[PDB]
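Visitor: Sending over query.pdb (PDB, C-alpha atoms (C1' of nucleotides)).
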ATOM      1  CA  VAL A 690      23.664 -12.736  -0.997
ATOM      2  CA  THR A 691      21.254  -9.999  -2.101
ATOM      3  CA  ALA A 692      22.967  -9.754  -5.498
ATOM      4  CA  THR A 693      21.776 -11.830  -8.459
ATOM      5  CA  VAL A 694      24.348 -11.321 -11.234
ATOM      6  CA  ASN A 695      27.019 -12.823  -8.953
ATOM      7  CA  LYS A 696      25.634 -16.307  -9.718
ATOM      8  CA  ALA A 697      25.739 -15.994 -13.523
ATOM      9  CA  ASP A 698      29.059 -17.892 -13.482
ATOM     10  CA  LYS A 699      28.466 -20.155 -10.478
ATOM     11  CA  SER A 700      30.456 -22.972 -12.139
ATOM     12  CA  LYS A 701      33.672 -21.184 -11.091
ATOM     13  CA  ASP A 702      35.742 -24.010  -9.636
ATOM     14  CA  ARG A 703      37.851 -22.983  -6.652
ATOM     15  CA  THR A 704      41.616 -23.522  -6.739
ATOM     16  CA  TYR A 705      43.614 -24.323  -3.607
ATOM     17  CA  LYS A 706      47.208 -24.797  -2.568
ATOM     18  CA  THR A 707      47.414 -28.377  -1.345
ATOM     19  CA  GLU A 708      49.311 -29.281   1.807
ATOM     20  CA  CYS A 709      50.496 -32.358   3.681
ATOM     21  CA  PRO A 710      49.365 -33.624   7.104
ATOM     22  CA  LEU A 711      51.231 -32.927  10.343
ATOM     23  CA  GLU A 712      53.270 -36.143  10.245
ATOM     24  CA  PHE A 713      54.267 -35.462   6.629
ATOM     25  CA  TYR A 714      55.537 -31.936   7.350
ATOM     26  CA  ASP A 715      59.291 -31.666   8.000
ATOM     27  CA  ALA A 716      59.681 -35.430   8.406
ATOM     28  CA  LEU A 717      62.909 -35.635   6.384
ATOM     29  CA  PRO A 718      65.505 -37.243   8.689
ATOM     30  CA  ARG A 719      68.833 -35.534   9.312
ATOM     31  CA  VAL A 720      72.134 -36.955  10.514
ATOM     32  CA  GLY A 721      72.359 -37.476  14.263
ATOM     33  CA  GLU A 722      68.654 -37.456  15.168
ATOM     34  CA  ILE A 723      66.437 -40.360  16.217
ATOM     35  CA  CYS A 724      63.571 -41.014  13.789
ATOM     36  CA  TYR A 725      60.854 -43.659  13.449
ATOM     37  CA  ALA A 726      60.770 -46.594  11.020
ATOM     38  CA  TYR A 727      57.296 -47.909  10.139
ATOM     39  CA  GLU A 728      57.228 -51.377   8.583
ATOM     40  CA  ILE A 729      54.367 -52.026   6.147
ATOM     41  CA  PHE A 730      52.573 -55.310   6.820
ATOM     42  CA  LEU A 731      50.278 -56.691   4.125
ATOM     43  CA  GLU A 732      47.935 -59.662   3.735
ATOM     44  CA  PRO A 733      47.102 -61.144   0.312
ATOM     45  CA  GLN A 734      43.492 -62.310   0.489
ATOM     46  CA  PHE A 735      42.981 -63.881  -2.950
ATOM     47  CA  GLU A 736      42.712 -67.661  -3.179
ATOM     48  CA  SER A 737      45.998 -69.579  -3.166
ATOM     49  CA  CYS A 738      46.201 -71.275  -6.570
TER      50      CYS A 738
ATOM     51  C1'   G B   1      37.376 -35.157 -25.169
ATOM     52  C1'   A B   2      33.649 -34.114 -28.998
ATOM     53  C1'   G B   3      28.912 -34.373 -28.607
ATOM     54  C1'   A B   4      23.274 -35.093 -29.422
ATOM     55  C1'   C B   5      18.511 -36.198 -25.964
ATOM     56  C1'   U B   6      15.429 -35.687 -21.215
ATOM     57  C1'   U B   7      13.915 -34.244 -16.518
ATOM     58  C1'   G B   8      15.158 -30.657 -13.261
ATOM     59  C1'   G B   9      17.092 -25.986 -10.192
ATOM     60  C1'   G B  10      16.471 -21.681 -12.150
ATOM     61  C1'   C B  11      17.810 -16.767 -14.605
ATOM     62  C1'   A B  12      15.811 -13.697 -18.269
ATOM     63  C1'   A B  13      12.622 -11.206 -20.880
ATOM     64  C1'   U B  14       9.128 -10.145 -26.093
ATOM     65  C1'   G B  15       4.022 -11.255 -25.993
ATOM     66  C1'   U B  16      -0.670 -11.692 -24.600
ATOM     67  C1'   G B  17      -4.688 -13.003 -21.737
ATOM     68  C1'   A B  18      -7.914 -13.067 -17.747
ATOM     69  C1'   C B  19      -8.870 -12.562 -12.323
ATOM     70  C1'   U B  20      -9.295  -9.939  -7.744
ATOM     71  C1'   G B  21      -9.324  -5.748  -4.436
ATOM     72  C1'   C B  22      -9.740  -0.572  -3.082
ATOM     73  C1'   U B  23     -10.110   4.752  -3.299
ATOM     74  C1'   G B  24     -12.714   9.072  -5.144
ATOM     75  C1'   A B  25     -16.488  11.940  -7.283
ATOM     76  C1'   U B  26     -21.662  12.527  -9.128
ATOM     77  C1'   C B  27     -26.917  11.544  -8.940
ATOM     78  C1'   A B  28     -31.433   9.693  -6.624
ATOM     79  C1'   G B  29     -34.240   8.297  -2.227
ATOM     80  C1'   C B  30     -34.601   8.715   2.994
ATOM     81  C1'   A B  31     -33.319  10.617   7.717
ATOM     82  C1'   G B  32     -31.482  14.385  10.710
ATOM     83  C1'   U B  33     -28.940  19.273  11.932
ATOM     84  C1'   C B  34     -27.708  24.308  11.384
ATOM     85  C1'   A B  35     -28.760  29.176  10.378
ATOM     86  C1'   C B  36     -32.189  32.788   7.591
ATOM     87  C1'   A B  37     -36.872  34.896   5.554
ATOM     88  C1'   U B  38     -42.560  35.980   5.832
ATOM     89  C1'   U B  39     -47.437  36.818   8.256
ATOM     90  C1'   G B  40     -48.901  37.537  13.360
ATOM     91  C1'   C B  41     -49.636  37.887  18.835
ATOM     92  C1'   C B  42     -47.862  39.729  23.405
ATOM     93  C1'   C B  43     -44.533  42.072  26.662
ATOM     94  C1'   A B  44     -40.592  45.126  28.390
ATOM     95  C1'   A B  45     -38.919  49.985  28.505
ATOM     96  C1'   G B  46     -37.557  55.503  27.393
ATOM     97  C1'   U B  47     -40.003  60.416  25.959
TER      98        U B  47
ATOM     99  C1'   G C   1     -51.321  60.223  21.250
ATOM    100  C1'   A C   2     -47.299  59.684  18.225
ATOM    101  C1'   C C   3     -41.753  58.336  18.457
ATOM    102  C1'   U C   4     -37.805  54.905  19.737
ATOM    103  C1'   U C   5     -35.650  50.409  21.458
ATOM    104  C1'   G C   6     -35.585  45.544  23.065
ATOM    105  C1'   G C   7     -37.400  40.817  24.157
ATOM    106  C1'   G C   8     -40.679  36.621  24.070
ATOM    107  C1'   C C   9     -44.446  33.308  22.059
ATOM    108  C1'   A C  10     -46.133  31.621  17.493
ATOM    109  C1'   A C  11     -47.164  29.685  12.868
ATOM    110  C1'   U C  12     -45.800  29.852   7.040
ATOM    111  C1'   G C  13     -41.362  29.005   4.712
ATOM    112  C1'   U C  14     -36.264  29.219   2.518
ATOM    113  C1'   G C  15     -31.195  28.335   2.330
ATOM    114  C1'   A C  16     -27.813  24.809   3.151
ATOM    115  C1'   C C  17     -24.858  20.949   5.991
ATOM    116  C1'   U C  18     -24.075  16.175   7.320
ATOM    117  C1'   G C  19     -25.966  10.536   7.986
ATOM    118  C1'   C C  20     -27.886   5.928   5.499
ATOM    119  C1'   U C  21     -29.292   3.057   1.011
ATOM    120  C1'   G C  22     -29.017   2.258  -4.096
ATOM    121  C1'   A C  23     -27.119   3.480  -8.838
ATOM    122  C1'   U C  24     -23.594   5.796 -12.293
ATOM    123  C1'   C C  25     -18.452   7.279 -13.583
ATOM    124  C1'   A C  26     -13.554   8.010 -12.966
ATOM    125  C1'   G C  27      -9.264   6.873 -10.411
ATOM    126  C1'   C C  28      -5.233   3.084  -8.170
ATOM    127  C1'   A C  29      -3.306  -1.632  -6.417
ATOM    128  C1'   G C  30      -2.308  -6.869  -5.849
ATOM    129  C1'   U C  31      -2.047 -10.776  -8.786
ATOM    130  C1'   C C  32      -2.484 -15.188 -11.903
ATOM    131  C1'   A C  33      -2.321 -17.909 -16.209
ATOM    132  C1'   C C  34       0.285 -18.614 -20.388
ATOM    133  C1'   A C  35       2.498 -19.062 -26.064
ATOM    134  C1'   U C  36       7.093 -17.288 -27.666
ATOM    135  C1'   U C  37      12.080 -17.299 -28.256
ATOM    136  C1'   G C  38      17.000 -17.140 -24.815
ATOM    137  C1'   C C  39      20.968 -17.816 -20.475
ATOM    138  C1'   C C  40      23.421 -20.490 -16.165
ATOM    139  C1'   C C  41      23.769 -24.872 -13.080
ATOM    140  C1'   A C  42      22.110 -30.414 -11.174
ATOM    141  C1'   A C  43      21.348 -35.428 -12.626
ATOM    142  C1'   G C  44      20.330 -38.693 -16.483
ATOM    143  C1'   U C  45      20.443 -42.124 -21.750
ATOM    144  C1'   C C  46      23.371 -42.717 -26.318
ATOM    145  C1'   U C  47      26.963 -41.945 -30.582
ATOM    146  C1'   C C  48      31.797 -41.333 -30.274
ATOM    147  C1'   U C  49      35.357 -42.346 -26.954
ATOM    148  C1'   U C  50      37.041 -47.034 -25.407
TER     149        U C  50
END
Here is a file; write its structure as structure tokens.
Guide:
Amino acid sequence: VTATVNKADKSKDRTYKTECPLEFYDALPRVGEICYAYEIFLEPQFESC
RNA sequence: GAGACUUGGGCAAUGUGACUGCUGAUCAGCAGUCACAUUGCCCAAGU
RNA sequence: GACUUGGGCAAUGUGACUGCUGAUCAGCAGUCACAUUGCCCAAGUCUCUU
């Protein structure tokens, strides 16, 4: 923090390896194991015309 | 994306300008302290 | 009666040393303002983009 020249290029955007949440990790089903099926309910709200 | 324009947060310096504060030495005046010199007086002794 | 030594009381001075005031001069420091041209970010308006 005492240095000054370190901020001459402060626009240096940081790059990261993205990752998935816990439920998304290793969720690919295999043969012979019980998995979960999540139905997607939806509700159209626009006027019926 | 290319850009122009403005306020910002600043980073820099090239100037330049003025402000403020302090130390030290010297001189003068005054006050006071150390020693020293001169003219006396008197005393203490010894021979 | 000379000779010697020492001390004390005086006055008349001198040599300096500090203390205070004022003045003079040299010597340092902390700033501040501000024109000039530069650099990196933040948010804005517009051409274009669309």
Visitor: For residue 23 of chain C, find every residue with an atom within 12 Å (counting only C-alpha atoms (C1' of nucleotides)), except residues of its own chain fewer than 2 positions away, and show them as a list in words.
Guide: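 The residues satisfying every condition are residues 26, 27, 28 and 29 of chain B; 21 and 25 of chain C.
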Visitor: Write out as a ChimeraX atom specification every residue belonging to chain A that has an atom at most 10 Å from any atom of chain B, counting only C-alpha atoms (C1' of nucleotides).
Guide: /A:693-694,696-697
Visitor: Give as an MDAnalysis selection string each residue that has an atom at most 12 Å from (21.9, -18.4, -9.7) in the file, counting all atoms listed in the file.
Guide: (chainID A and resid 690:700) or (chainID B and resid 9:12) or (chainID C and resid 39:41)
Visitor: Restricting the output to C-alpha atoms (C1' of nucleotides), write the selected residues as a PDB file, in the frame of the given file.
Guide:
ATOM      1  CA  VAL A 690      23.664 -12.736  -0.997  1.00  0.00           C
ATOM      2  CA  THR A 691      21.254  -9.999  -2.101  1.00  0.00           C
ATOM      3  CA  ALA A 692      22.967  -9.754  -5.498  1.00  0.00           C
ATOM      4  CA  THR A 693      21.776 -11.830  -8.459  1.00  0.00           C
ATOM      5  CA  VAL A 694      24.348 -11.321 -11.234  1.00  0.00           C
ATOM      6  CA  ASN A 695      27.019 -12.823  -8.953  1.00  0.00           C
ATOM      7  CA  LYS A 696      25.634 -16.307  -9.718  1.00  0.00           C
ATOM      8  CA  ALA A 697      25.739 -15.994 -13.523  1.00  0.00           C
ATOM      9  CA  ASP A 698      29.059 -17.892 -13.482  1.00  0.00           C
ATOM     10  CA  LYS A 699      28.466 -20.155 -10.478  1.00  0.00           C
ATOM     11  CA  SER A 700      30.456 -22.972 -12.139  1.00  0.00           C
TER      12      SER A 700
ATOM     13  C1'   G B   9      17.092 -25.986 -10.192  1.00  0.00           C
ATOM     14  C1'   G B  10      16.471 -21.681 -12.150  1.00  0.00           C
ATOM     15  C1'   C B  11      17.810 -16.767 -14.605  1.00  0.00           C
ATOM     16  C1'   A B  12      15.811 -13.697 -18.269  1.00  0.00           C
TER      17        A B  12
ATOM     18  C1'   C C  39      20.968 -17.816 -20.475  1.00  0.00           C
ATOM     19  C1'   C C  40      23.421 -20.490 -16.165  1.00  0.00           C
ATOM     20  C1'   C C  41      23.769 -24.872 -13.080  1.00  0.00           C
TER      21        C C  41
END
Visitor: I want to know what sits within 12 Å of residue 40 of chain B, based on all atoms listed in the file, with residues of the same chain fewer than 5 positions away left out; could you give that as a PDB file with C-alpha atoms (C1' of nucleotides), keeping the file's coordinate frame?
Guide:
ATOM      1  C1'   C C   9     -44.446  33.308  22.059  1.00  0.00           C
ATOM      2  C1'   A C  10     -46.133  31.621  17.493  1.00  0.00           C
ATOM      3  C1'   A C  11     -47.164  29.685  12.868  1.00  0.00           C
ATOM      4  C1'   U C  12     -45.800  29.852   7.040  1.00  0.00           C
TER       5        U C  12
END
Visitor: Report, in Å with one decimal, the straight-line distance from atom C1' of residue 26 of chain C to atom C1' of residue 25 of chain B.
Guide: 7.5 Å
Visitor: Measure the distance from atom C1' of residue 46 of chain C to atom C1' of residue 2 of chain B in Å and round it to one decimal.
Guide: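 Rounded to one decimal, the two atoms are 13.7 Å apart.
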Visitor: Using the chain letters and numbers from this file, what does the PyMOL selection byres ((chain B and resi 16) around 12) select? Give the answer as a PyMOL selection string.
Guide: (chain B and resi 14-15+17-18) or (chain C and resi 33-36)
Visitor: Could you pull the residues within 12 Å of residue 3 of chain C, counting all atoms listed in the file, minus those fewer than 2 positions along the same chain, as a list in words?
Guide: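 The residues satisfying every condition are residues 46 and 47 of chain B; 1 and 5 of chain C.
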Visitor: Generate a file of the selected residues that holds C-alpha atoms (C1' of nucleotides), formatted as a PDB file, keeping the file's coordinate frame.
Guide:
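Once written, again.pdb looks like this:
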ATOM      1  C1'   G B  46     -37.557  55.503  27.393  1.00  0.00           C
ATOM      2  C1'   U B  47     -40.003  60.416  25.959  1.00  0.00           C
TER       3        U B  47
ATOM      4  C1'   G C   1     -51.321  60.223  21.250  1.00  0.00           C
ATOM      5  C1'   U C   5     -35.650  50.409  21.458  1.00  0.00           C
TER       6        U C   5
END
